Number of protein chains: 2
Amino acid sequence: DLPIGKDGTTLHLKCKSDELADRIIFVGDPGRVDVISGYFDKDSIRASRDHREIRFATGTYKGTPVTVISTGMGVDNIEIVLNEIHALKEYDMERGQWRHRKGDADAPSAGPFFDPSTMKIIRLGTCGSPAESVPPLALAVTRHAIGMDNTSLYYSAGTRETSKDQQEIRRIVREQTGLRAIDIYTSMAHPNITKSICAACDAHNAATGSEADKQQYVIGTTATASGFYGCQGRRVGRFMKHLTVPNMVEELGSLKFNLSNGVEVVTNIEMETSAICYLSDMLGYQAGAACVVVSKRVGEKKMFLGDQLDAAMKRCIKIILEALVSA
Amino acid sequence: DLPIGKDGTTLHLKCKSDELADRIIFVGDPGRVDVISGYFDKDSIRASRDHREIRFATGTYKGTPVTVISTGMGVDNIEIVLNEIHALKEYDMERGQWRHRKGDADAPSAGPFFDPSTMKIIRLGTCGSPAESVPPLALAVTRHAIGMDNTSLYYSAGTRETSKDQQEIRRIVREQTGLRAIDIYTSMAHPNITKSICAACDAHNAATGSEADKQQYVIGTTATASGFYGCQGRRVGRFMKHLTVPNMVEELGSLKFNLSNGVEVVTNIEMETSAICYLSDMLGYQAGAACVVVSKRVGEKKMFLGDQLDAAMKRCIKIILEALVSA
Ligand SMILES: O=P(O)(O)O[C@H]1O[C@H](CO)[C@@H](O)[C@H]1O
Ligand SMILES: O=P(O)(O)O[C@H]1O[C@H](CO)[C@@H](O)[C@H]1O
Ligand SMILES: O=c1cc[nH]c(=O)[nH]1
Ligand SMILES: O=c1cc[nH]c(=O)[nH]1
Ligand SMILES: [Ca+2]
C-alpha cells in the first residue's frame with residue numbers, strides 16, 4: 001500500500017520525513033528545481049535528491065524552510081507525490097503508526113496532534129489561456145478548478161458534496177461545453193493561498209518603478225487536462241476527426257460563472273492543478289497554483305518560450321516564494 | 001496546435017524526424033533509456049537528447065533501426081509522446097502538409113502513401129499484479145486493455161465501437177467491480193505485437209537450460225490507472241476512507257473474461273498501456289506492452305525491486321528488442 005525504503009524514503013519522491021519542509025513549491029519540469037533553489041538563502045540547501053522525473057531540494061527563504069519538488073507532468077504524477085508527502089508528514093516511521101489529528105475517536109486527549117493546516121503547497125507552472133483578455137506571460141492564479149482529468153474520481157470526487165460556487169461551475173461547464181460527455185469534477189485553491197499569491201504580485205509591482213520588471217496577473221478558474229493535445233482541444237493530424245471536444249478552447253473561453261463573490265472565467269488550462277487542489281483539500285493541506293501563460297490559444301495564437309519566459313519565470317519564482325512564506 | 005521549432009523538434013520529445021526509427025520501445029523511467037541503449041549494436045547510437053522526463057536514443061539492433069524513448073509516468077504522458085511521434089512521422093515539413101494515406105479522397109493516385117503499419121511500438125515497463133497465479137518478476141504481456149484513466153475519452157473512446165471481446169470485458173468490469181462508477185474504456189494490443197513478444201520469450205527460454213535464467217510470462221488484460229495509490233486501490237492514511245474503489249485489487253483479480261481466443265484474466269495494473277494501445281490503434285500503428293511484475297498485490301503482498309528486478313529487466317530488454325525487430 002505504501003512502500004517505504006530501508007532508508008525511510010517513499011517510492012518516487014526520494015525524500016525522508018526530516019528532509020521535507022511544511023512549505024512546498026511544485027514544479028512540473030525537473031529543470032526548474034535548480035532555478036528555484038538558487039533563490040533559497042545562501043548555503044541553506046540541507047537535503048536534495050533526484051529520481052525519475054521527481055527532484056527535490058530543501059533550504060530556507062528569508063529564514064523559513066521551503067522545499068521545491070518537481071512532479072513531472074500530470075494529475076497522476078500529483079496523486080503519486082501528494083500520497084508520498086502525506087506519508088512523509090503523517091506516518092511516523094519510528095513508531096509505525098499514523099499521527100493523530102484533533103477529533104480522532106481513539107486518540108489520547110493530549111495527542112500529540114498533527115495540524116494539516118501547517119502544510120502549504122503551491123504549484124508554479126506554465127499553462128495555456130483560452131481567455132482573450134489574458135496577456136502572454138501573465139501569471140494566472142487559480143481560484144476554482146475544473147478537473148477534466150479523472151484522477152480524483154478515485155477519491156469520491158463524483159459523489160462528495162461541493163460548494164454552491166463549485167456546483168454552478170459544474171452546471172455551466174456540463175451544459176455549455178462538450179465536457180457534457182465527461183464526468184468532470186471541481187475544486188478550489190485554499191483562499192489563504194490565493195490571497196497570499198495576489199498580495200505577493202501586488203508587492204512585486206509596487207516595489208519596482210521599472211515597467212520591464214512588472215508582472216501581470218489574473219485570477220480565475222483553471223481547467224486541468226489528462227493530456228496536452230486532443231485532451232486540450234488541439235487538432236493534430238489523423239487524431240483530429242476523432243476528438244470529443246475539438247473546440248475546447250473557444251467553448252471554455254465563452255464561459256462566465258456568476259459566483260458568490262462575483263463573476264469568474266476560465267483563465268488557464270494545464271495538467272496538474274485540479275488534483276493538487278482536490279487531494280490537498282481532502283487532506284486538509286492548504287494548496288493552490290499559479291502558472292505563467294506560455295500559450296495563447298486565442299488572439300495571439302502563439303507560444304511564448306525562451307528568454308521572455310525565463311525572465312517572467314524569474315519574477316514569478318520570487319513572487320511565489322514570498323507568498324509561500326507569508327501564507 | 002502542433003508546435004514544431006525551427007530546429008525541427010517537437011515540444012516535449014526533442015527528436016527530429018530523421019532521428020526517429022519506425023520501431024520504438026517506450027519506457028516510463030528515464031533511467032532505463034541508457035540501460036536499453038547499451039544493448040544496441042556497437043557504435044550504432046546516432047541521435048540522443050533529453051528534456052523533462054522525455055529522453056531518447058536511436059541506434060540499431062541486429063542492424064534494424066530502433067529508438068528507445070522514456071515517456072515518464074502516465075497515459076497523459078503517452079498522449080503527449082504519441083502525438084509528437086505522429087507529427088514526426090507523418091507531418092511533411094518540406095511539403096507543409098500531412099502525408100497521404102491509402103483511402104484518402106483527394107490524394108494523388110500514386111500517393112506516395114505512408115503505411116502506418118510500419119510503426120511498431122512496444123512498452124517495456126514495470127507493474128503490479130492482482131492475479132494469484134502470476135509469479136513475481138514474471139513478464140505480463142498485454143492482450144486486451146482496460147482504461148481506468150480517461151485520457152482516451154478525449155479521442156471518442158466512450159462512443160467508438162469496439163470488438164465483441166472488448167464489449168464483454170467492459171460488461172464484466174461494470175457488472176462485478178466498483179469501476180461501474182467510471183466511464184472506463186478498453187483497447188487491445190496489436191496481435192502481431194503480442195505474438196512477437198511471446199515468441200521472443202519462448203525463444204529465450206528454449207535457448208537456455210538454466211532455470212535461474214528462464215523468463216516466465218503471462219498473457220492477459222492490463223488495467224491502466226490515472227495514479228499509483230488510491231487510483232490502484234492502495235490504502236494510504238487519511239485517503240483510505242475516501243476511496244471510490246477500495247477493493248480494486250480483489251475485484252479485478254476475481255474477473256474471468258470468456259472471450260473469442262479463450263478465457264482471459266487481469267494479469268497486471270500499471271499507468272500507460274491503455275492509451276498506448278488505444279491511441280496507436282487509432283493511428284494504425286502496431287503497439288503493445290510487456291511489464292515486469294514488481295508488486296504482488298495478492299498472496300505474496302510484497303515488492304520485488306533491487307538486483308532481482310535488474311536481472312529480470314536485463315532478460316526482458318533482450319526479449320523485447322528481439323520481438324521488436326521481428327515484428
Ligand atoms: O511547466 P510545467 O510546470 O510542467 O506545467 C505545464 O507544462 C507541462 C506540459 O508542457 C504540464 O506539466 C503543464 O501543466
Ligand atoms: O517502470 P515504468 O516503465 O515507469 O512503469 C510503471 O512504473 C511507474 C510507477 O512507479 C508507472 O510509469 C508504471 O506504469
Ligand atoms: O497550452 C498549454 C501550455 C502549457 N501547458 C499546458 O498544459 N498547456
Ligand atoms: O503496482 C504497481 C507497480 C508498478 N507500477 C504500477 O503502476 N503499479
Ligand atoms: Ca503523468
# chains A, B, ... in the order shown; residues from 1 in each chain; ligands from 1
$ interface_residues --of "chain A" --to "chain B" --cutoff "7 Å" --atoms "only C-alpha atoms" --output "ChimeraX atom specification"
/A:1-2,29-31,52-53,72-74,76-77,79-80,98,149-151,154-156,226-231,234-238,242-245,283
$ write_last_selection --atoms "N, CA, C and O atoms" --output "compact mmCIF listing (two decimals), in the first residue's frame"
# COMPACT_ATOMS: atom_id res chain seq x y z
N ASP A 1 0.85 -1.23 0.00
CA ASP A 1 0.00 0.00 0.00
C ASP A 1 0.86 1.25 0.00
O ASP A 1 0.56 2.21 -0.68
N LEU A 2 1.91 1.26 0.80
CA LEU A 2 2.76 2.44 0.91
C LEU A 2 4.20 1.97 1.09
O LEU A 2 4.69 1.88 2.22
N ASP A 29 8.44 20.69 -14.43
CA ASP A 29 9.69 20.46 -15.12
C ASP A 29 10.83 20.27 -14.12
O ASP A 29 11.11 21.18 -13.33
N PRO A 30 11.48 19.09 -14.10
CA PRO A 30 12.62 18.92 -13.19
C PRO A 30 13.70 19.98 -13.34
O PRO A 30 14.36 20.31 -12.36
N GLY A 31 13.87 20.51 -14.54
CA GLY A 31 14.85 21.59 -14.75
C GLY A 31 14.60 22.83 -13.91
O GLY A 31 15.54 23.57 -13.57
N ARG A 52 13.75 9.51 -11.23
CA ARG A 52 12.73 9.62 -12.29
C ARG A 52 12.49 11.13 -12.60
O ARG A 52 13.43 11.91 -12.65
N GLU A 53 11.24 11.55 -12.80
CA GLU A 53 11.00 12.98 -13.05
C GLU A 53 11.00 13.79 -11.72
O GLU A 53 10.77 15.01 -11.71
N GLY A 72 6.94 16.17 -12.44
CA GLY A 72 6.70 15.70 -13.80
C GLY A 72 5.29 16.11 -14.20
O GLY A 72 4.61 16.83 -13.48
N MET A 73 4.83 15.61 -15.33
CA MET A 73 3.59 16.10 -15.92
C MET A 73 2.39 15.31 -15.47
O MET A 73 2.42 14.08 -15.49
N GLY A 74 1.34 16.01 -15.06
CA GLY A 74 0.04 15.39 -14.88
C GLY A 74 -0.50 15.15 -13.48
O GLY A 74 0.23 15.10 -12.50
N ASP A 76 -1.89 12.49 -12.42
CA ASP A 76 -1.47 11.18 -11.96
C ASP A 76 -0.16 11.28 -11.19
O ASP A 76 -0.01 10.67 -10.12
N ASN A 77 0.76 12.09 -11.70
CA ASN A 77 2.03 12.38 -11.00
C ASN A 77 1.78 13.10 -9.68
O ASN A 77 2.44 12.85 -8.66
N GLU A 79 -0.95 12.78 -7.88
CA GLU A 79 -1.53 11.78 -6.98
C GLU A 79 -0.39 11.01 -6.30
O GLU A 79 -0.41 10.78 -5.09
N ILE A 80 0.63 10.65 -7.08
CA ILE A 80 1.79 9.97 -6.51
C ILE A 80 2.48 10.84 -5.45
O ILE A 80 2.70 10.43 -4.31
N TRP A 98 0.28 6.10 12.11
CA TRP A 98 -0.13 7.40 11.62
C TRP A 98 -0.36 8.36 12.78
O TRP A 98 -0.87 7.99 13.83
N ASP A 149 -9.60 15.80 -16.13
CA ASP A 149 -8.99 14.53 -15.86
C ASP A 149 -9.95 13.69 -15.02
O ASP A 149 -11.05 14.16 -14.66
N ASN A 150 -9.54 12.46 -14.65
CA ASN A 150 -10.36 11.62 -13.77
C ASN A 150 -9.66 11.12 -12.51
O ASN A 150 -10.19 10.30 -11.79
N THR A 151 -8.51 11.69 -12.19
CA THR A 151 -7.70 11.13 -11.12
C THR A 151 -8.47 11.19 -9.80
O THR A 151 -8.55 10.20 -9.06
N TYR A 154 -11.28 8.69 -8.28
CA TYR A 154 -10.90 7.54 -7.48
C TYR A 154 -10.86 7.91 -6.00
O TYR A 154 -10.68 7.03 -5.16
N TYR A 155 -11.12 9.18 -5.69
CA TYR A 155 -11.19 9.71 -4.34
C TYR A 155 -12.57 10.34 -4.08
O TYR A 155 -12.69 11.39 -3.43
N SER A 156 -13.60 9.66 -4.57
CA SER A 156 -15.01 10.05 -4.41
C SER A 156 -15.40 11.43 -4.94
O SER A 156 -16.40 12.00 -4.50
N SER A 226 -6.09 15.77 -18.97
CA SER A 226 -5.40 14.46 -18.87
C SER A 226 -4.51 14.17 -20.09
O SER A 226 -4.27 13.03 -20.47
N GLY A 227 -4.02 15.27 -20.68
CA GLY A 227 -3.12 15.26 -21.84
C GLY A 227 -2.86 16.68 -22.27
O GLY A 227 -3.27 17.63 -21.61
N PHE A 228 -2.14 16.83 -23.37
CA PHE A 228 -1.74 18.13 -23.89
C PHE A 228 -2.40 18.52 -25.22
O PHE A 228 -2.56 19.69 -25.52
N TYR A 229 -2.69 17.54 -26.08
CA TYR A 229 -3.06 17.80 -27.46
C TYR A 229 -4.56 17.70 -27.56
O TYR A 229 -5.23 18.63 -27.14
N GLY A 230 -5.10 16.61 -28.09
CA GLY A 230 -6.56 16.45 -28.16
C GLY A 230 -7.25 16.65 -26.81
O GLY A 230 -8.35 17.18 -26.72
N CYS A 231 -6.57 16.24 -25.74
CA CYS A 231 -7.07 16.48 -24.37
C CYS A 231 -7.24 17.91 -23.97
O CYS A 231 -7.92 18.19 -22.97
N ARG A 234 -6.44 20.58 -28.94
CA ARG A 234 -5.52 20.74 -30.07
C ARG A 234 -5.84 19.72 -31.16
O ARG A 234 -6.10 18.55 -30.86
N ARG A 235 -5.82 20.17 -32.40
CA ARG A 235 -6.15 19.36 -33.57
C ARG A 235 -4.86 18.91 -34.26
O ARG A 235 -4.13 19.73 -34.83
N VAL A 236 -4.57 17.61 -34.17
CA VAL A 236 -3.31 17.06 -34.67
C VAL A 236 -3.53 15.91 -35.65
O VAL A 236 -3.95 14.80 -35.27
N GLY A 237 -3.23 16.18 -36.91
CA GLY A 237 -3.16 15.14 -37.92
C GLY A 237 -4.35 14.21 -37.95
O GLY A 237 -5.50 14.65 -38.03
N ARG A 238 -4.06 12.90 -37.86
CA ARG A 238 -5.05 11.85 -38.02
C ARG A 238 -5.88 11.62 -36.76
O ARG A 238 -6.79 10.77 -36.76
N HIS A 242 -11.30 12.53 -34.62
CA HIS A 242 -11.80 11.69 -33.53
C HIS A 242 -11.92 12.40 -32.18
O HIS A 242 -12.23 11.76 -31.15
N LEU A 243 -11.68 13.71 -32.15
CA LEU A 243 -11.72 14.43 -30.91
C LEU A 243 -13.13 14.52 -30.33
O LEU A 243 -14.08 14.77 -31.07
N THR A 244 -13.24 14.35 -29.02
CA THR A 244 -14.51 14.51 -28.30
C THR A 244 -14.87 15.98 -28.09
O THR A 244 -16.06 16.35 -28.12
N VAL A 245 -13.85 16.80 -27.83
CA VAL A 245 -14.06 18.23 -27.57
C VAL A 245 -13.09 19.06 -28.42
O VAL A 245 -12.20 19.72 -27.90
N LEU A 283 -7.00 16.27 2.28
CA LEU A 283 -6.08 16.06 3.42
C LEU A 283 -6.08 17.19 4.44
O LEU A 283 -5.49 17.05 5.51
$ closest_atom_pairs --of "chain A" --to "ligand 3" --cutoff "7 Å" --atoms "only C-alpha atoms and all ligand atoms" --output "JSON lines"
{"residue": "A:126", "atom": "CA", "partner": "ligand 3", "partner_atom_place_in_ligand_line": "4 (C)", "distance": 5.0}
{"residue": "A:127", "atom": "CA", "partner": "ligand 3", "partner_atom_place_in_ligand_line": "4 (C)", "distance": 3.5}
{"residue": "A:128", "atom": "CA", "partner": "ligand 3", "partner_atom_place_in_ligand_line": "1 (O)", "distance": 3.4}
{"residue": "A:129", "atom": "CA", "partner": "ligand 3", "partner_atom_place_in_ligand_line": "1 (O)", "distance": 6.9}
{"residue": "A:228", "atom": "CA", "partner": "ligand 3", "partner_atom_place_in_ligand_line": "7 (O)", "distance": 5.5}
{"residue": "A:269", "atom": "CA", "partner": "ligand 3", "partner_atom_place_in_ligand_line": "8 (N)", "distance": 5.7}
{"residue": "A:270", "atom": "CA", "partner": "ligand 3", "partner_atom_place_in_ligand_line": "7 (O)", "distance": 3.4}
{"residue": "A:271", "atom": "CA", "partner": "ligand 3", "partner_atom_place_in_ligand_line": "7 (O)", "distance": 4.9}
{"residue": "A:294", "atom": "CA", "partner": "ligand 3", "partner_atom_place_in_ligand_line": "3 (C)", "distance": 5.7}
{"residue": "A:295", "atom": "CA", "partner": "ligand 3", "partner_atom_place_in_ligand_line": "3 (C)", "distance": 5.0}
$ write_last_selection --atoms "N, CA, C and O atoms" --output "PDB file, in the first residue's frame"
ATOM      1  N   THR A 126       3.550  26.326 -15.952  1.00  0.00           N
ATOM      2  CA  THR A 126       3.272  27.000 -17.213  1.00  0.00           C
ATOM      3  C   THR A 126       1.900  26.546 -17.657  1.00  0.00           C
ATOM      4  O   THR A 126       1.404  25.532 -17.200  1.00  0.00           O
ATOM      5  N   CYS A 127       1.271  27.307 -18.535  1.00  0.00           N
ATOM      6  CA  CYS A 127      -0.084  26.943 -18.948  1.00  0.00           C
ATOM      7  C   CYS A 127      -0.488  27.586 -20.254  1.00  0.00           C
ATOM      8  O   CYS A 127       0.232  28.440 -20.806  1.00  0.00           O
ATOM      9  N   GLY A 128      -1.639  27.165 -20.766  1.00  0.00           N
ATOM     10  CA  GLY A 128      -2.307  27.875 -21.851  1.00  0.00           C
ATOM     11  C   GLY A 128      -3.429  28.729 -21.300  1.00  0.00           C
ATOM     12  O   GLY A 128      -3.877  28.503 -20.168  1.00  0.00           O
ATOM     13  N   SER A 129      -3.851  29.736 -22.071  1.00  0.00           N
ATOM     14  CA  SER A 129      -5.052  30.501 -21.721  1.00  0.00           C
ATOM     15  C   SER A 129      -6.020  30.581 -22.895  1.00  0.00           C
ATOM     16  O   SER A 129      -5.620  30.944 -24.000  1.00  0.00           O
ATOM     17  N   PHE A 228      -2.140  16.828 -23.375  1.00  0.00           N
ATOM     18  CA  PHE A 228      -1.737  18.128 -23.894  1.00  0.00           C
ATOM     19  C   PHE A 228      -2.398  18.519 -25.224  1.00  0.00           C
ATOM     20  O   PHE A 228      -2.559  19.694 -25.518  1.00  0.00           O
ATOM     21  N   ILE A 269      -5.465  26.757 -18.792  1.00  0.00           N
ATOM     22  CA  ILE A 269      -5.560  25.307 -18.985  1.00  0.00           C
ATOM     23  C   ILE A 269      -4.165  24.718 -18.795  1.00  0.00           C
ATOM     24  O   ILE A 269      -3.194  25.227 -19.372  1.00  0.00           O
ATOM     25  N   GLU A 270      -4.066  23.660 -18.003  1.00  0.00           N
ATOM     26  CA  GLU A 270      -2.794  22.979 -17.762  1.00  0.00           C
ATOM     27  C   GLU A 270      -3.074  21.528 -17.307  1.00  0.00           C
ATOM     28  O   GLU A 270      -4.187  20.995 -17.550  1.00  0.00           O
ATOM     29  N   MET A 271      -2.109  20.874 -16.662  1.00  0.00           N
ATOM     30  CA  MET A 271      -2.219  19.420 -16.446  1.00  0.00           C
ATOM     31  C   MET A 271      -2.130  18.902 -14.999  1.00  0.00           C
ATOM     32  O   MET A 271      -2.142  17.693 -14.800  1.00  0.00           O
ATOM     33  N   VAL A 294       2.177  30.534 -21.325  1.00  0.00           N
ATOM     34  CA  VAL A 294       3.143  30.344 -22.412  1.00  0.00           C
ATOM     35  C   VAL A 294       2.491  30.007 -23.755  1.00  0.00           C
ATOM     36  O   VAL A 294       3.168  29.954 -24.779  1.00  0.00           O
ATOM     37  N   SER A 295       1.182  29.787 -23.748  1.00  0.00           N
ATOM     38  CA  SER A 295       0.458  29.517 -24.979  1.00  0.00           C
ATOM     39  C   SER A 295      -0.841  30.291 -24.968  1.00  0.00           C
ATOM     40  O   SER A 295      -1.659  30.150 -24.064  1.00  0.00           O
TER      41      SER A 295
END
$ select_by_dssp --residues "region 35-261 of chain A" --states "strand (DSSP E)" --output "PyMOL selection string"
chain A and resi 47-51+54-61+64-70+91-92+97-98+120-129+139-147+185-188+217-224+257-259
$ atom_distance --atom1 "CA of residue 212 (chain B)" --atom2 "atom 5 (O, counted along the ligand's line) of ligand 2"
23.9 Å
$ closest_residue --among "B:17, B:267, B:167, B:48" --to "ligand 4" --atoms "only C-alpha atoms and all ligand atoms"
B:267
$ residues_around --residues "residue 259 (chain A)" --least-positions-apart "6" --cutoff "12 Å" --atoms "only C-alpha atoms" --output "list in words"
residues 143, 144, 163, 164, 165, 166, 167, 168, 169, 170, 172, 220, 221 and 265 of chain A
$ write_last_selection --atoms "C-alpha atoms" --output "PDB file, in the first residue's frame"
ATOM      1  CA  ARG A 143      -9.188  30.243  -7.564  1.00  0.00           C
ATOM      2  CA  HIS A 144     -11.559  27.442  -8.699  1.00  0.00           C
ATOM      3  CA  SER A 163     -19.792  24.366  -2.506  1.00  0.00           C
ATOM      4  CA  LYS A 164     -22.571  26.275  -4.233  1.00  0.00           C
ATOM      5  CA  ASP A 165     -19.956  28.044  -6.379  1.00  0.00           C
ATOM      6  CA  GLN A 166     -18.458  24.714  -7.495  1.00  0.00           C
ATOM      7  CA  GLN A 167     -21.938  23.315  -8.252  1.00  0.00           C
ATOM      8  CA  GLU A 168     -22.590  26.322 -10.512  1.00  0.00           C
ATOM      9  CA  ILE A 169     -19.254  25.875 -12.324  1.00  0.00           C
ATOM     10  CA  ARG A 170     -20.014  22.199 -12.935  1.00  0.00           C
ATOM     11  CA  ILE A 172     -22.327  25.653 -16.612  1.00  0.00           C
ATOM     12  CA  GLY A 220      -9.871  32.687 -12.196  1.00  0.00           C
ATOM     13  CA  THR A 221     -10.778  29.120 -12.949  1.00  0.00           C
ATOM     14  CA  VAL A 265     -13.917  32.992 -16.057  1.00  0.00           C
TER      15      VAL A 265
END
